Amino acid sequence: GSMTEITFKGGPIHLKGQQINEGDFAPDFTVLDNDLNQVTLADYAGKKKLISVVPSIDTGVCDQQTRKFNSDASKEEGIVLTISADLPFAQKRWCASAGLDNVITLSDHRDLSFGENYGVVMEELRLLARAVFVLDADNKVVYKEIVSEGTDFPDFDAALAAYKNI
């Protein structure tokens, strides 16, 4: 948009953090796994990544996005990461109810390290903006979408195509 880059439920929202564009290298980040272990970029060294960023896996749109990317992306080939400001406890409980023990869900709630490094903090809400970044094994950002209106879905096919084409 003209004042802020995106909206959430139609309300203008300011994105905070470093801007990252296609062609840039991936910044580092420090996030928490479902058991509170620190996880950083280097833990996925040597792999291509599809990073699906969601406002809250406890909402319907985010839930479906996590499911579809995990189902549609080849996990034999690279790594699908879901990152949000949900507490690790909500992510853990979501994976258990879904009966999905193959799905990686990481929490940026404590420092917003991921959000500030990738330019996807929704500042008025302290949630991460709906977004998708595809990284190759050299951590080149080959694809980025920040969804314009955060209650809409991301373009799934374009991100899957970018991940597959690596």
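Residue positions are given as counts along the sequence shown, with the first one as 1.
Trainee: On average, which has the higher Cα B-factor in the deposited entry, 52-60 or 34-42?
Mentor: Comparing 52-60 with 34-42, the higher mean C-alpha B-factor belongs to 34-42.
Trainee: Pick between 128-136 and 64-72: the one whose mean CA B-factor in the entry is higher.
Mentor: Taking the mean C-alpha B-factor of 128-136 and of 64-72, the larger value falls to 64-72.
Trainee: Looking at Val141, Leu100, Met122, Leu106, which has the highest CA B-factor as recorded?
Mentor: Of the candidates given, the C-alpha B-factor peaks at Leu100.
Trainee: Taking the values exactly as deposited, rank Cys95 by C-alpha B-factor within its chain and report the matching third: lowest, middle or highest.
Mentor: It belongs to the middle third of the chain when residues are ordered by C-alpha B-factor.
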